[PDB]
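Enquirer: Supplied in structure tokens, the structure appears directly below.
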Amino acid sequence: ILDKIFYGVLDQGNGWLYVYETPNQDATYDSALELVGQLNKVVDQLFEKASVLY
Amino acid sequence: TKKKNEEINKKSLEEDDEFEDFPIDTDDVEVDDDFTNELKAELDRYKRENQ
Amino acid sequence: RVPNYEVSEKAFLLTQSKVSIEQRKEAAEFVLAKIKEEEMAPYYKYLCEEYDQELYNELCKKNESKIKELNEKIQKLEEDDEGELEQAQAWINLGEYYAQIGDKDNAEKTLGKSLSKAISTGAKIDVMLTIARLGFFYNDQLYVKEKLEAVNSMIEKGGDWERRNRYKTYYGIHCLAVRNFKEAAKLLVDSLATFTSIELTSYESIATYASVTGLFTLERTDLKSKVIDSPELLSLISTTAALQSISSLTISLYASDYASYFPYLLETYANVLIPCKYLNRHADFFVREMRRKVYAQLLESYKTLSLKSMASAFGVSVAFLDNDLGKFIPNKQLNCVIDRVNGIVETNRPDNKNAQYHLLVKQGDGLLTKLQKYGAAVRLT
Amino acid sequence: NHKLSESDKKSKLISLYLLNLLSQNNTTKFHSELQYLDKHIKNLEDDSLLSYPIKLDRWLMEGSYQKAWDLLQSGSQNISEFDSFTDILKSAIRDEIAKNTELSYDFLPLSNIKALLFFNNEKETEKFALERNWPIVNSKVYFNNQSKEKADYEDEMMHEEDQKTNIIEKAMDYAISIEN
Amino acid sequence: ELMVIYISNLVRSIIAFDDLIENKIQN
Amino acid sequence: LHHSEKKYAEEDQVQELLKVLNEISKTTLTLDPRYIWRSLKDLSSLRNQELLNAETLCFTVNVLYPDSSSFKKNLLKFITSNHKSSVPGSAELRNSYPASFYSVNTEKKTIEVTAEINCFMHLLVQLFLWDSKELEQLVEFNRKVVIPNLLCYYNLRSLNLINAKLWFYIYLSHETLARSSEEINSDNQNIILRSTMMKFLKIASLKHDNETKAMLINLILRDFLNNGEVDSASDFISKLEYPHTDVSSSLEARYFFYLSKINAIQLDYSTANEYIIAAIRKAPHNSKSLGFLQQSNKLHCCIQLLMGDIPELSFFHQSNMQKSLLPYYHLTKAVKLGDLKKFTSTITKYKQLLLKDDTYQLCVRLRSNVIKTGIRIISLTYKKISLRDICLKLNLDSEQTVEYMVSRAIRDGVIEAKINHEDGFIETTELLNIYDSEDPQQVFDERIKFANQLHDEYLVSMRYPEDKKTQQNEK
């Protein structure tokens, strides 16, 4: 399971093996994290430039 | 010199500064868990093994 | 070159009373020889506090002799010619004595003089390394930090790979010394490829340290390869006890042999973490952090496990496991609960679109606050 | 300043006053009233009779109803005219607990209902259950009926569109902001 | 853009000041 | 020596005076006098110290005085009288010019150019009184004088901007006497202080002066707080009229602090969270406003713990405010570890310090919060747990007692559990996957609306100065 080659979970107390062939998590939400991620850097820069005015 | 009026006015509302009043008047806790773990491992072990 | 770092590394061990009293007194022999030989006398006075007048009479003599020699030599050098190269070379040599006796102050004066004078780019970088090395001797973080910034200005002008190896490792010790391991791992694994011992703790130390950091930082595949499929570590075998313990740990983590994990965890504490000056301070976080990583790993592959099963695998009693698990759970890395009456261990599974949702809002929340703070400021103008 | 502006009568009067506020279950005013009173009752009347409501607030905040209840009964030896708030304060305890026990479970036996709510008579228990709009049938409460019924009834009222929040409304409100 | 309009506005305070001195000569 | 320096000091004041006089007496250019007036106060308070403080005396002598001379004598009398050519009008260097005020025409009553100069004198005196630390007779005399002096006038908006400063010192001076020293008469004149603030407050709506109105509300609320009339404060703020428009962000921070304090004690912590965070932001973070900041940061922590949120341990450490927040640090941990007994000792030990700031009464409520938190730890760690095990864990006395803590707590949804009587254990019920549910929609909607409000504030502010600039001649 740990290498990931059928990537499922072993249910030990019910002694059954669950198999899920679902690929990695949705692309769309992950791409949002990257966009929001840049924006934090944009704002840090924006405040330093704005320090002169205050 | 403009901001200055305000700084003095705030201080006065506090009275002095408490800030300096206090010294004149007077999982970061977590123990190293290695020492306790050593004891735990050994007691379980003795029994397990000779069971 | 060698005494500069070796004196301090060896003396550390003696200091510690953490170590066994027996181990503490063996260290004493080695340390003691080098106090007298290298004449460490001003600093030694400091160091006696922390645990024959001749050493010091010797100091006065040596000092005076050496001083007197070089004095009038440098007074003769002034009457004479070349001030760029040859006087700068002598001024380096005054600093070399100052660094011998443990005054950081007096080395820093003379060695600055060299920089001032117009010198080779290669030569420049050299001199700045030595100044920063003096900080390691005491182990101060604030001094080290500021010196190594300058070194980067000259580093590409000289563009030598020779001294950039030295640079990588110096910054490595500064990082190791503090809690943060993320940065260290990245420089110190690289020093495996290329190491230079010059004013730097021997390669064998670097092998051991690279391995500790290794575990903490990289994820499964990558980390494993970096701390195992490395040719260098295999060629070097287990030549000292400390490098053995850490490697044993690495094997057991990777191999998912969880019986031997716990014995190996305890060995690494006694023989790796404490001999180390750097990880002395960080012993506490490190060893605890390993119990959490390993447990997470077992749980990841299992929908459910039994307490009795889990307990047995590690080699602790059932009660012990429970207690130690109840530390890890609210802190949150395990992502798990224990349904106690039944004795089963369930592992909450929100790894999906739900997961990605939760993370994404929090990150959004962080951007939202900053905008307000800045908004409000400008708005007053 | 003191010159005769406190008396034994003061102390008694404020206690009785605070007990009225606990009985109306207005914890909002009680804490404010305590601030106004504060300096006078710190050590210049102390806590002697005034102690009775102070203690009482503390155990019901913790939510140990066992302690609270015990204090009222034992209050018999303290009654001087305190009984006008004390009798009422039993009833208030019964409604707070009654609320709680719904969210926990649906089924309690007869005995357990009596014990939590502190009735001294089992028949009086079943009587209270009808008045609380709970049916106890064959020795088991069926909290299931009324609670669901109330939410369905609440659902019909008039305030009501923006409070409930419609997804349709979200687009309409967003647009007119822009275009203003 | 908030920032850009405010830089402009700060600049023009000085220009407004100097403006008076120029007009004095003109009169 | 003396003569020289006094004179020099005198000159400086006189320069400043004429400029602000010109501005007001040449049409309504309101902003310019106001900004100027604030800076002048600082400058004047800073001046006095050196160049001798008998700058005041000199200036009084050399005006067309009405009773400023009579006042000045009272001030010299408190601090021992002298005479060295201090007779009223011993200095004539006015010399019949309108500029420094035509001597003859003022006396006749064909002009009265004394008006704003008398107002200004009262300001200089007040200011000098508090700097110096002169009290008793003067404070009383001063309060007395100025109240009927203002009620003689029928103020202009510009003159009201100026008494917006005078009332803060009036308030503060009265307080200093009341605070030093026990009197029956202090108590009595507290009633009279309220009354007048309230009278002036009705007027300042009609006069359309946002500055004055704000100031008065700061004072009145602070008054309710000291005497502990929470009820009075709660009524007063709800006929809300406090503007954020013309007012300094210095004033905003004070206003929002009072809000926060009154909410704290009646158990409303939701509103108190937001107001408190704002006053932190709003406040100028400087060396001598540091007192304010300290008081506030002690409150902000209380508000959070009461809500049930746990403040960082990191925060207190890396701050330069470490030592003062030593008690605080102990509370934060004590709630975390869930130890009741330690909590009890900790507040007893710190009792004196906490009591001054009057956060003590909040701390007493923090006794419930310790216990409640311990019941969340147990639910998270162990999903299904026999009720027996909790009792041992929290040291609680019997099975019936823990029944009663969980039962009250899950009404508030802190623990978020349900007790299963039948089975004799407790089931956590929060089990996530609220994605599938309509819930994220709700969440995002609020964020979207909030952005829009920031846009309108941004758009609004930006354009306004350009408009003024563009109209004005500029190269």
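In the structure tokens, the first chain shown is A, the next is B, and so on; residue numbers restart at 1 for each chain, and ligands run from 1 in the order shown.
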Check every residue of chain C for an atom within 7 Å of chain A, counting only C-alpha atoms, and provide those that qualify as a list in words.
Expert: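 Within 7 Å of chain A on chain C, we get residues 301, 302, 303, 304, 305, 306, 352, 353, 356, 360, 364, 367, 374, 377, 378 and 381 of chain C.
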Enquirer: Find the residues of chain C that sit at most 6 Å from chain F; for each, write down the nearest two atoms and how far apart they are in Å, to one decimal. Count only C-alpha atoms. Sort by chain, then by number going up, and give it as a tab-separated table.
Expert:
```
residue	atom	partner	partner_atom	distance
C:326	CA	F:381	CA	5.9
C:329	CA	F:381	CA	6.0
C:337	CA	F:382	CA	5.5
C:338	CA	F:382	CA	4.8
C:339	CA	F:384	CA	4.6
C:340	CA	F:385	CA	5.7
C:341	CA	F:385	CA	5.9
C:354	CA	F:435	CA	5.1
```
Enquirer: Store the residues picked out above in a file with N, CA and C atoms, as a compact mmCIF listing (two decimals), in the first residue's frame.
Expert:
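To be explicit, this is the file written out as part23.txt:
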```
# COMPACT_ATOMS: atom_id res chain seq x y z
N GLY C 326 -1.93 9.78 23.09
CA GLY C 326 -2.82 10.86 23.55
C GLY C 326 -2.16 12.21 23.63
N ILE C 329 -2.26 13.14 19.32
CA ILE C 329 -3.55 13.33 18.63
C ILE C 329 -4.02 14.78 18.61
N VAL C 337 -8.09 8.64 16.03
CA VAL C 337 -8.81 8.50 17.30
C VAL C 337 -8.64 7.06 17.75
N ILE C 338 -9.05 6.84 18.99
CA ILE C 338 -9.12 5.55 19.50
C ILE C 338 -10.49 5.39 20.08
N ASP C 339 -11.26 4.41 19.49
CA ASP C 339 -12.50 4.00 20.06
C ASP C 339 -12.18 2.99 21.18
N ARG C 340 -11.88 3.49 22.38
CA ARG C 340 -11.30 2.78 23.50
C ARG C 340 -12.05 1.59 23.95
N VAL C 341 -13.38 1.65 24.20
CA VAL C 341 -14.09 0.54 24.80
C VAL C 341 -13.87 -0.63 23.92
N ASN C 354 -12.85 17.61 0.16
CA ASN C 354 -13.10 18.17 1.47
C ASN C 354 -11.83 18.67 1.97
```
Enquirer: Near residue 14 in chain B, within 10 Å and counting only C-alpha atoms, which residues show up once chain neighbours fewer than 2 positions away are dropped, as a ChimeraX atom specification?
Expert: /B:9-12,16-18 /F:289-295,357
Enquirer: Pull N, CA, C and O atoms from the residues just selected and write them as a short mmCIF file (atom, residue, chain, number, x, y, z; two decimals), in the first residue's frame.
Expert:
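The result, stored in result_17.cif:
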```
data_model
loop_
_atom_site.label_atom_id
_atom_site.label_comp_id
_atom_site.auth_asym_id
_atom_site.auth_seq_id
_atom_site.Cartn_x
_atom_site.Cartn_y
_atom_site.Cartn_z
N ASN B 9 -1.15 61.97 25.63
CA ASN B 9 -2.54 61.92 26.12
C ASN B 9 -2.91 60.50 26.43
O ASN B 9 -3.62 60.20 27.43
N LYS B 10 -2.45 59.52 25.63
CA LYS B 10 -2.77 58.11 25.92
C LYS B 10 -2.17 57.57 27.14
O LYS B 10 -2.78 56.79 27.85
N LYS B 11 -0.95 58.02 27.44
CA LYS B 11 -0.16 57.53 28.56
C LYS B 11 -0.80 57.90 29.81
O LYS B 11 -0.77 57.13 30.77
N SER B 12 -1.30 59.12 29.85
CA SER B 12 -1.93 59.70 30.98
C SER B 12 -3.20 59.03 31.33
O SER B 12 -3.62 59.03 32.54
N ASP B 16 0.95 56.49 34.28
CA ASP B 16 2.33 56.07 34.15
C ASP B 16 2.43 55.13 32.97
O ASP B 16 2.21 55.52 31.83
N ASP B 17 2.75 53.87 33.26
CA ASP B 17 2.86 52.88 32.22
C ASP B 17 2.73 51.46 32.73
O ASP B 17 3.12 50.53 32.03
N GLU B 18 2.19 51.24 33.94
CA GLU B 18 2.13 49.85 34.31
C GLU B 18 3.29 49.05 33.78
O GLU B 18 3.78 48.07 34.40
N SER F 289 2.80 55.42 23.28
CA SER F 289 1.43 54.93 23.19
C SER F 289 1.45 53.49 23.62
O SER F 289 0.45 52.82 23.60
N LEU F 290 2.68 53.00 23.98
CA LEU F 290 3.00 51.68 24.47
C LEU F 290 2.24 51.31 25.70
O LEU F 290 1.89 50.11 25.80
N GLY F 291 2.00 52.25 26.60
CA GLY F 291 1.09 52.04 27.72
C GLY F 291 -0.25 51.60 27.29
O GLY F 291 -0.75 50.73 28.01
N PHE F 292 -0.84 52.26 26.26
CA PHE F 292 -2.17 51.88 25.81
C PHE F 292 -2.17 50.53 25.30
O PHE F 292 -3.18 49.80 25.49
N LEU F 293 -1.13 50.21 24.54
CA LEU F 293 -1.07 48.97 23.83
C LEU F 293 -1.09 47.80 24.77
O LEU F 293 -1.75 46.78 24.57
N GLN F 294 -0.33 47.94 25.88
CA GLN F 294 -0.10 46.89 26.94
C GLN F 294 -1.40 46.54 27.56
O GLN F 294 -1.70 45.36 27.71
N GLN F 295 -2.18 47.62 27.92
CA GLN F 295 -3.49 47.44 28.62
C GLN F 295 -4.42 46.68 27.74
O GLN F 295 -5.18 45.81 28.19
N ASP F 357 -6.44 46.47 36.69
CA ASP F 357 -6.97 46.55 35.38
C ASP F 357 -8.38 46.06 35.31
O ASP F 357 -9.11 46.14 34.33
#
```
Enquirer: Within 8 Å of chain B, which residues of chain C show up when using only C-alpha atoms, listed as a PyMOL selection string?
Expert: chain C and resi 262+266+269+284+287-288+315-317+320
Enquirer: How about saving the chosen residues, N, CA, C and O atoms kept, as a PDB file, in the first residue's frame?
Expert:
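Generated output (out39.pdb):
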```pdb
ATOM      1  N   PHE C 262      11.919   0.885  17.901  1.00  0.00           N
ATOM      2  CA  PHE C 262      11.979   1.422  19.181  1.00  0.00           C
ATOM      3  C   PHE C 262      13.355   1.247  19.879  1.00  0.00           C
ATOM      4  O   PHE C 262      13.821   2.251  20.489  1.00  0.00           O
ATOM      5  N   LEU C 266      16.123   4.481  20.796  1.00  0.00           N
ATOM      6  CA  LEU C 266      16.729   4.794  22.080  1.00  0.00           C
ATOM      7  C   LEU C 266      18.248   4.951  21.956  1.00  0.00           C
ATOM      8  O   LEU C 266      18.834   5.889  22.513  1.00  0.00           O
ATOM      9  N   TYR C 269      19.433   8.234  20.563  1.00  0.00           N
ATOM     10  CA  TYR C 269      19.356   9.344  21.552  1.00  0.00           C
ATOM     11  C   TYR C 269      20.667   9.428  22.335  1.00  0.00           C
ATOM     12  O   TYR C 269      21.287  10.473  22.312  1.00  0.00           O
ATOM     13  N   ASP C 284      15.253  17.208  22.487  1.00  0.00           N
ATOM     14  CA  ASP C 284      13.977  16.982  22.984  1.00  0.00           C
ATOM     15  C   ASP C 284      12.885  16.878  21.952  1.00  0.00           C
ATOM     16  O   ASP C 284      12.023  16.071  21.892  1.00  0.00           O
ATOM     17  N   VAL C 287      13.590  13.583  19.054  1.00  0.00           N
ATOM     18  CA  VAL C 287      13.375  12.152  19.349  1.00  0.00           C
ATOM     19  C   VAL C 287      11.843  11.943  19.369  1.00  0.00           C
ATOM     20  O   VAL C 287      11.284  10.953  18.855  1.00  0.00           O
ATOM     21  N   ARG C 288      11.103  12.885  20.007  1.00  0.00           N
ATOM     22  CA  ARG C 288       9.647  12.914  20.140  1.00  0.00           C
ATOM     23  C   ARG C 288       9.053  12.942  18.727  1.00  0.00           C
ATOM     24  O   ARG C 288       8.012  12.342  18.456  1.00  0.00           O
ATOM     25  N   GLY C 315       6.622  -2.991  20.790  1.00  0.00           N
ATOM     26  CA  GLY C 315       7.335  -3.630  21.856  1.00  0.00           C
ATOM     27  C   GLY C 315       7.050  -2.825  23.033  1.00  0.00           C
ATOM     28  O   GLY C 315       7.805  -2.816  23.990  1.00  0.00           O
ATOM     29  N   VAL C 316       5.949  -2.066  23.108  1.00  0.00           N
ATOM     30  CA  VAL C 316       5.515  -1.489  24.317  1.00  0.00           C
ATOM     31  C   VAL C 316       4.284  -2.131  24.783  1.00  0.00           C
ATOM     32  O   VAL C 316       3.579  -2.734  23.957  1.00  0.00           O
ATOM     33  N   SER C 317       3.929  -2.005  26.101  1.00  0.00           N
ATOM     34  CA  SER C 317       2.680  -2.518  26.583  1.00  0.00           C
ATOM     35  C   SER C 317       1.497  -1.838  25.943  1.00  0.00           C
ATOM     36  O   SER C 317       1.671  -0.825  25.262  1.00  0.00           O
ATOM     37  N   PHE C 320       0.922   1.697  27.543  1.00  0.00           N
ATOM     38  CA  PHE C 320       1.934   2.653  27.254  1.00  0.00           C
ATOM     39  C   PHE C 320       1.626   3.294  25.952  1.00  0.00           C
ATOM     40  O   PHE C 320       1.820   4.493  25.846  1.00  0.00           O
TER      41      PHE C 320
END
```
Enquirer: Tell me, counting only C-alpha atoms, for each residue of chain D within 9 Å of chain F, which pair of atoms is nearest and how far apart they are in Å to one decimal, in rows ordered by chain and increasing number, as JSON lines.
Expert:
```
{"residue": "D:1", "atom": "CA", "partner": "F:184", "partner_atom": "CA", "distance": 5.9}
{"residue": "D:27", "atom": "CA", "partner": "F:266", "partner_atom": "CA", "distance": 7.5}
{"residue": "D:28", "atom": "CA", "partner": "F:266", "partner_atom": "CA", "distance": 5.0}
{"residue": "D:29", "atom": "CA", "partner": "F:266", "partner_atom": "CA", "distance": 7.3}
{"residue": "D:30", "atom": "CA", "partner": "F:266", "partner_atom": "CA", "distance": 8.4}
{"residue": "D:31", "atom": "CA", "partner": "F:266", "partner_atom": "CA", "distance": 6.2}
{"residue": "D:32", "atom": "CA", "partner": "F:230", "partner_atom": "CA", "distance": 5.6}
{"residue": "D:33", "atom": "CA", "partner": "F:230", "partner_atom": "CA", "distance": 7.7}
{"residue": "D:34", "atom": "CA", "partner": "F:228", "partner_atom": "CA", "distance": 9.0}
{"residue": "D:35", "atom": "CA", "partner": "F:228", "partner_atom": "CA", "distance": 5.4}
{"residue": "D:36", "atom": "CA", "partner": "F:228", "partner_atom": "CA", "distance": 4.6}
{"residue": "D:37", "atom": "CA", "partner": "F:228", "partner_atom": "CA", "distance": 8.0}
{"residue": "D:38", "atom": "CA", "partner": "F:228", "partner_atom": "CA", "distance": 8.1}
{"residue": "D:58", "atom": "CA", "partner": "F:368", "partner_atom": "CA", "distance": 8.0}
{"residue": "D:59", "atom": "CA", "partner": "F:368", "partner_atom": "CA", "distance": 8.8}
{"residue": "D:60", "atom": "CA", "partner": "F:408", "partner_atom": "CA", "distance": 8.8}
{"residue": "D:61", "atom": "CA", "partner": "F:368", "partner_atom": "CA", "distance": 6.2}
{"residue": "D:62", "atom": "CA", "partner": "F:368", "partner_atom": "CA", "distance": 4.9}
{"residue": "D:63", "atom": "CA", "partner": "F:405", "partner_atom": "CA", "distance": 5.3}
{"residue": "D:64", "atom": "CA", "partner": "F:404", "partner_atom": "CA", "distance": 5.4}
{"residue": "D:65", "atom": "CA", "partner": "F:404", "partner_atom": "CA", "distance": 6.4}
{"residue": "D:66", "atom": "CA", "partner": "F:401", "partner_atom": "CA", "distance": 7.0}
{"residue": "D:67", "atom": "CA", "partner": "F:401", "partner_atom": "CA", "distance": 8.9}
{"residue": "D:96", "atom": "CA", "partner": "F:408", "partner_atom": "CA", "distance": 8.5}
{"residue": "D:97", "atom": "CA", "partner": "F:408", "partner_atom": "CA", "distance": 7.7}
{"residue": "D:99", "atom": "CA", "partner": "F:411", "partner_atom": "CA", "distance": 7.9}
{"residue": "D:100", "atom": "CA", "partner": "F:407", "partner_atom": "CA", "distance": 5.8}
{"residue": "D:101", "atom": "CA", "partner": "F:407", "partner_atom": "CA", "distance": 6.9}
{"residue": "D:103", "atom": "CA", "partner": "F:418", "partner_atom": "CA", "distance": 6.7}
{"residue": "D:104", "atom": "CA", "partner": "F:418", "partner_atom": "CA", "distance": 4.3}
{"residue": "D:105", "atom": "CA", "partner": "F:420", "partner_atom": "CA", "distance": 6.3}
{"residue": "D:107", "atom": "CA", "partner": "F:421", "partner_atom": "CA", "distance": 8.2}
{"residue": "D:108", "atom": "CA", "partner": "F:421", "partner_atom": "CA", "distance": 7.6}
{"residue": "D:116", "atom": "CA", "partner": "F:404", "partner_atom": "CA", "distance": 8.8}
{"residue": "D:165", "atom": "CA", "partner": "F:442", "partner_atom": "CA", "distance": 8.8}
{"residue": "D:167", "atom": "CA", "partner": "F:441", "partner_atom": "CA", "distance": 8.5}
{"residue": "D:170", "atom": "CA", "partner": "F:445", "partner_atom": "CA", "distance": 7.7}
{"residue": "D:174", "atom": "CA", "partner": "F:449", "partner_atom": "CA", "distance": 7.8}
{"residue": "D:177", "atom": "CA", "partner": "F:452", "partner_atom": "CA", "distance": 7.9}
{"residue": "D:178", "atom": "CA", "partner": "F:452", "partner_atom": "CA", "distance": 8.6}
```
Enquirer: Please, what distance in Å, to one decimal, runs between CA of residue 307 in chain C and CA of residue 267 in chain C?
Expert: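 Result for CA of residue 307 in chain C versus CA of residue 267 in chain C: 25.5 Å, one decimal.
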Enquirer: Identify, on the basis of only C-alpha atoms, every residue whose closest approach to residue 50 in chain D does not exceed 12 Å; exclude the query and any residue fewer than 4 positions from it along the same chain; express the result as a list in words.
Expert: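 Listed by chain and then number, they are residues 8, 9, 10, 11, 12, 13, 14, 15, 16, 17, 18, 19, 34, 37, 38, 40, 41, 42, 43, 44, 45, 46, 54, 55, 56, 57, 78 and 82 of chain D.
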Enquirer: Write the selection just made, keeping C-alpha atoms, as a PDB file, in the first residue's frame?
Expert:
```
ATOM      1  CA  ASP D   8     -26.652  44.752  58.225  1.00  0.00           C
ATOM      2  CA  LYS D   9     -29.883  45.600  56.366  1.00  0.00           C
ATOM      3  CA  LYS D  10     -27.818  46.579  53.303  1.00  0.00           C
ATOM      4  CA  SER D  11     -26.148  43.241  53.142  1.00  0.00           C
ATOM      5  CA  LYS D  12     -29.397  41.289  53.371  1.00  0.00           C
ATOM      6  CA  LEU D  13     -31.106  43.460  50.832  1.00  0.00           C
ATOM      7  CA  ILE D  14     -28.507  43.133  48.072  1.00  0.00           C
ATOM      8  CA  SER D  15     -28.426  39.261  48.577  1.00  0.00           C
ATOM      9  CA  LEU D  16     -32.214  39.022  48.070  1.00  0.00           C
ATOM     10  CA  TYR D  17     -31.875  41.292  45.040  1.00  0.00           C
ATOM     11  CA  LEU D  18     -29.252  39.202  43.313  1.00  0.00           C
ATOM     12  CA  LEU D  19     -31.403  36.006  44.038  1.00  0.00           C
ATOM     13  CA  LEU D  34     -21.995  42.947  40.613  1.00  0.00           C
ATOM     14  CA  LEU D  37     -21.723  46.890  43.756  1.00  0.00           C
ATOM     15  CA  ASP D  38     -18.137  45.676  43.754  1.00  0.00           C
ATOM     16  CA  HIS D  40     -18.759  47.973  48.814  1.00  0.00           C
ATOM     17  CA  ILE D  41     -19.035  44.108  49.023  1.00  0.00           C
ATOM     18  CA  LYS D  42     -15.295  43.325  48.625  1.00  0.00           C
ATOM     19  CA  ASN D  43     -14.518  43.472  52.373  1.00  0.00           C
ATOM     20  CA  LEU D  44     -16.794  46.268  53.783  1.00  0.00           C
ATOM     21  CA  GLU D  45     -19.876  43.887  53.957  1.00  0.00           C
ATOM     22  CA  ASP D  46     -17.617  40.992  52.828  1.00  0.00           C
ATOM     23  CA  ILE D  54     -22.022  34.101  44.316  1.00  0.00           C
ATOM     24  CA  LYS D  55     -21.647  30.343  45.063  1.00  0.00           C
ATOM     25  CA  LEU D  56     -24.884  29.650  43.157  1.00  0.00           C
ATOM     26  CA  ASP D  57     -23.702  31.351  39.913  1.00  0.00           C
ATOM     27  CA  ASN D  78     -30.373  30.111  55.917  1.00  0.00           C
ATOM     28  CA  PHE D  82     -34.723  33.930  51.088  1.00  0.00           C
TER      29      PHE D  82
END
```
Enquirer: Can you list, as a PyMOL selection string, every residue of chain D that DSSP puts in helix (DSSP H, G or I)?
Expert: chain D and resi 8-24+27-37+51-62+65-77+83-104+110-117+122-131+144-154+161-164+167-178
Enquirer: Output the contact residues of chain F with respect to chain E at a cut-off of 8 Å, based on only C-alpha atoms, as a ChimeraX atom specification.
Expert: /F:458-459,462-463,465-466,469,472-475
Enquirer: Counting only C-alpha atoms, what is within 8 Å of residue 114 in chain F, bar same-chain residues fewer than 3 positions away, as a PyMOL selection string?
Expert: chain F and resi 64-65+106+117-118
Enquirer: Write out, as an mmCIF file, in the first residue's frame, the residues just selected, with N, CA, C and O atoms.
Expert:
```
data_model
loop_
_atom_site.group_PDB
_atom_site.id
_atom_site.type_symbol
_atom_site.label_atom_id
_atom_site.label_comp_id
_atom_site.auth_asym_id
_atom_site.auth_seq_id
_atom_site.Cartn_x
_atom_site.Cartn_y
_atom_site.Cartn_z
ATOM 1 N N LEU F 64 -4.536 92.879 25.159
ATOM 2 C CA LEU F 64 -5.709 93.627 25.552
ATOM 3 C C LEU F 64 -6.663 92.845 26.496
ATOM 4 O O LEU F 64 -7.880 92.845 26.361
ATOM 5 N N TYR F 65 -6.025 92.114 27.504
ATOM 6 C CA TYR F 65 -6.552 91.251 28.562
ATOM 7 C C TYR F 65 -8.016 91.554 29.092
ATOM 8 O O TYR F 65 -8.312 92.704 29.251
ATOM 9 N N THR F 106 -9.716 98.361 20.688
ATOM 10 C CA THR F 106 -10.193 97.278 21.486
ATOM 11 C C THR F 106 -10.861 97.677 22.803
ATOM 12 O O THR F 106 -11.851 97.098 23.224
ATOM 13 N N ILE F 117 -8.131 84.970 21.121
ATOM 14 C CA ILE F 117 -6.929 85.123 21.925
ATOM 15 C C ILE F 117 -7.126 84.668 23.360
ATOM 16 O O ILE F 117 -6.237 83.975 23.870
ATOM 17 N N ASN F 118 -8.265 84.975 24.015
ATOM 18 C CA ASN F 118 -8.661 84.442 25.297
ATOM 19 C C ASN F 118 -8.848 82.970 25.257
ATOM 20 O O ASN F 118 -8.421 82.361 26.168
#
```
Enquirer: Please find the residues of chain F near chain B - the criterion being any atom within 6 Å, counting only C-alpha atoms - and write them as a PyMOL selection string.
Expert: chain F and resi 38-39+42-43+288-289+291
Enquirer: Create the file for the chosen residues now, containing N, CA, C and O atoms and written as a CSV table (one decimal), in the first residue's frame.
Expert:
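Result file follows (out_9.csv):
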```csv
chain,number,residue,atom,x,y,z
F,38,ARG,N,-3.3,71.0,16.2
F,38,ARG,CA,-2.8,69.8,16.9
F,38,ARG,C,-1.2,69.9,17.0
F,38,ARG,O,-0.8,69.8,18.1
F,39,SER,N,-0.4,70.1,16.0
F,39,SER,CA,1.1,70.2,16.0
F,39,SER,C,1.6,71.3,16.9
F,39,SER,O,2.6,71.0,17.6
F,42,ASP,N,1.8,70.1,20.7
F,42,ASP,CA,3.0,69.4,21.0
F,42,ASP,C,4.2,70.3,21.1
F,42,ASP,O,5.0,70.2,22.1
F,43,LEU,N,4.3,71.2,20.2
F,43,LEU,CA,5.3,72.2,20.1
F,43,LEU,C,5.4,73.1,21.3
F,43,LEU,O,6.5,73.3,21.8
F,288,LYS,N,5.5,55.9,23.2
F,288,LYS,CA,4.8,56.4,24.4
F,288,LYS,C,3.3,56.1,24.3
F,288,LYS,O,2.6,56.4,25.4
F,289,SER,N,2.8,55.4,23.3
F,289,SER,CA,1.4,54.9,23.2
F,289,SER,C,1.4,53.5,23.6
F,289,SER,O,0.4,52.8,23.6
F,291,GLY,N,2.0,52.3,26.6
F,291,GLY,CA,1.1,52.0,27.7
F,291,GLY,C,-0.3,51.6,27.3
F,291,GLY,O,-0.8,50.7,28.0
```
